[PDB]
Structures are given as structure tokens and as C-alpha cells.
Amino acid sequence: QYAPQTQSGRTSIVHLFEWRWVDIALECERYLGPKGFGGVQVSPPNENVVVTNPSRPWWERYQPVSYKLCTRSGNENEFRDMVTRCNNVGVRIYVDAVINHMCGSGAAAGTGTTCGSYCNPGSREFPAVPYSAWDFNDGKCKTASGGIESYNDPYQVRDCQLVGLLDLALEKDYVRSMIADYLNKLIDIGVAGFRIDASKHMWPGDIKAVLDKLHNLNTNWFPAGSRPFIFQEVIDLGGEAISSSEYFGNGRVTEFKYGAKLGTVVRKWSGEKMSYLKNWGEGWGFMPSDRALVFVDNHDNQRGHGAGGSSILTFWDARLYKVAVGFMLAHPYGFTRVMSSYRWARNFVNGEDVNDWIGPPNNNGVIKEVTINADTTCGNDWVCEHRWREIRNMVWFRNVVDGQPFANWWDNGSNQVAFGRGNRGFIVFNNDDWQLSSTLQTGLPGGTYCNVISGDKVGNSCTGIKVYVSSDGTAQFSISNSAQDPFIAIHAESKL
């Protein structure tokens, strides 16, 4: 639950948020495989309650009604096809596992569900699993409302209903077994691992108890004895009763401090400066690097009200976003996940985006296919940040420099910064309102290197900026504050 089980040399995951399975398969074959991505985090593949008010929001998929692999992303055949095709090109599949709860306790009974299964939330009846009343934590929860009333009480956080969602009795062997059966079906299909949704709301030992029931990964693609990669979603910015460290025994943990703090720095809010990033990582009070799953934004906080607030950088702020993502992908801290989004019509009213609920691009609830434009961008309102040259080349960067130590840090005492990764890569940022022009030790062998942010090494030439590194490892870097991308990155596989 700790080794990502990505194909050798691949060091990142991309969240293909709300993508259809067939589109993911195609993207794996045509793009993610060749471009060195380690894997894809997929939206919950299990059947969820249909929410019609508002019209099919994205968050309906976090309200399960069964474990049938039957969603707006596709059916079981398409999911299997996706996992097979992706694994066959060295791209792993990681499932968003929603296991703390079922749908809303206040939902009506009936077949308004993505596969047409019946459920009766009020009577805790989910016959398609099956679950019944004694499979939920209603008798365990100690609050008057039956919901979570206070985050100061870890018992309430774990045993009560999260925003009215029916809370499963994860202490019970039966529930653990149903969940394990679901996850094991996914593993046998060929899944490499799981994002554990709402981990704060489950006891660490219940999660462990579930993980211990899990099969080894499918030996068609993985070595014998391979354990699923596990990363648990826990939001802990500090100061609450529940700490991230409680979950370190189960696998990696999402480090939400990362994108919040990085966002604050790159936006230059609160007196923050990029030069402060010298001791980025555990030096900022973050969790151990080998416990962290890191990211600039996720599907929640990219909409301006998740963990981090307005400080979070997103595709809407593409230039600074690219700066932050590039820094993260160059820096050794954590295991990196890049977000891939669709654009919705944002509408801020009194600080709230009232369209932050809008689901993926669709015709009458049917999700639109991912179309590829001639310039390699996507149509149909898929943003495809993972296709941006500045981001994909940094994914490759991260693959190239994997294992190399932090080295040759430089800063201007302000917002111009640089560092390398052993002798295999180097990166330079200008976030000041004036020209960057410095001669820096890159740690790299002498030669001419293509800047992979402004361009590419294509055969034996550069399509963008060229950096000449002398034999002593020093090079001149010139970056205007008005540059389209005010940072340059070079590595061993970009040398001419």
C-alpha cells in the first residue's frame, strides 16, 4: 500500500476527473503510455444515486447505492476494457474508493440510480449489495442528530453520518467483507490501487482490517506478492483533534498543506516569497515525504471552497498554475498527482461559486466524449491540463530525475529561485517583477539542453529555448518577468 506499483520509472498519477472509461483507455494508448504517466485516478466506478436537483452534479458519485460497476463513465465491460488496455501500455488504474458511506439518509426510496438498482435509504436498505439496517453505525453514533456535529470528537467524526450520508459499520466483519469483495473484484480486474475517500471519517484500524483482506495484484501485469497502492484522503491543515499521522500505517496520505501553502507562496499572499521554499517539505511541518500524496489542486479545492480556500491555484490561473505544478513536479517531496479537469461556467455570488456543482460536459446527462484537437488540446470542454506541454514535460522531468537528491539550490532573496536533482535535472523560476539573469551551477554535464517548458527536444534539435551548460556545470539563465512561462527546466534526456 506504499509502493505505487506504476511501471518502472513512472512517478506520477493523473486524475481523469469524470472521464468515461473508453476515453481513458484511448488516452492510455495514445498519450499517457507514451508520455510516461504512471497511472490514472478514476472517479468512483460503483453505482451511485442519481441527483436531479441540481441536474446531475459531479458529487452524486460519492453517494453509492451498490458496488455494481455501472456509472456515467460506463459499464463493467468498458471498465475492464479500460483497465486491460491501460495496463497493457504501462499505465496503472487507481480507483476512487467510496467506502465510508452509502447515499444520503434522507434520499427517497426507488430506482433513481445509475444502474437502476433499488434502494431504500430511510430504511438503510440496499438490496443490490446487500446491506440492511444493522450494517450501519446508527446505534454507534452518539449525537442527537445522528450526524457529525463536532470535529473535536473523533468518535463522532468516525461513527456518525457525514452530512447525512449513511455511515457503514466498518467494525463489522460483514461490511468489511462486502467492501473487500468489491475492492478485490477491482484488483482481480487489474486495478493497481485505491484512493480511500473520506478516510478521516473511518477508524485507521478498520481501514487496515479492510486492506488486510485484499488480494495481491493481478500477475498478468504485476509481480507476485504485490500489494495495492493505497492513498487515503485526509484533510489536516493542523489544529484539529484528528492528525494525518494516525493513517500512516495504512499507506500514503494526501497532504493538503502542500497545495494550500504552495498556492499562497506562488500568489505571493501573506508576505510569502518563493525563496522560502528552500526547505519545502518536512521543513514546513509537512508529513514525511514517503507518506505524502501531493498535488496543487484536486477536484474539490479547485472550485474555490475546499481545503486551502482561494489560495489554491487552478487551470483558470494557467500561468501561475503552471509555475506551481512545475515546482511540485521538480521537487522530490511526495508522490505527485496532476489534476485533469473540465471547465464549467463559474459564477461567483457573494464569494460563492453557485455553479461549482456542475458535472462533466454532457448532453442530457450523457457525458460527452473527449475529443482531441489538432494542437493536442481537448474539445468538448475538457481542459486536459495533463496535455499542456509545460506540465507533461515536467511529468517526464520527474521520471528522469527520480531518485536524485535535492542539490544546487539558489535564490535571489526574493521570488527568483532554482534547484537541481543530482546530475539529471535542473529548474529555474522567476516570480519577481523584474528580469532574471544569473549564472547558476546546474550540476549537469556540459552540453546544450532544450528547455522543456518553452519547447521540446525533438530528434536532435530544440523547438524552444536552448540552455548552454559549460563543462564546470554553470549556465546563464535569462527569464523576463513578462515571459509566457517564467521558468525553465532542463534534464539529461533533453540534452542535444
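The numbering used is simple: start at 1 and walk along the sequence shown.
Between 406-414 and 194-202, it is 406-414 that carries the larger average Cα temperature factor according to the deposited entry. Set 76-84 against 218-226 and average the Cα temperature factors; 218-226 ends up higher. Per the deposited coordinates, the residue with the largest Cα temperature factor out of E47, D433, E60, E29 is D433. Sorting the modelled residues of the chain by their CA temperature factor places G464 in the highest third. Per the deposited record, the Cα B-factor of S471 falls in the highest third when ranked against the other modelled residues of its chain. When the CA B factors of the chain's modelled residues are split into thirds, the value for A133 lands in the middle one. Ranked against the other modelled residues of its chain, the C-alpha B-factor of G38 as given in the entry falls in the middle third. Among all modelled residues in this chain, the alpha-carbon of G334 has a temperature factor (C-alpha) in the middle third.
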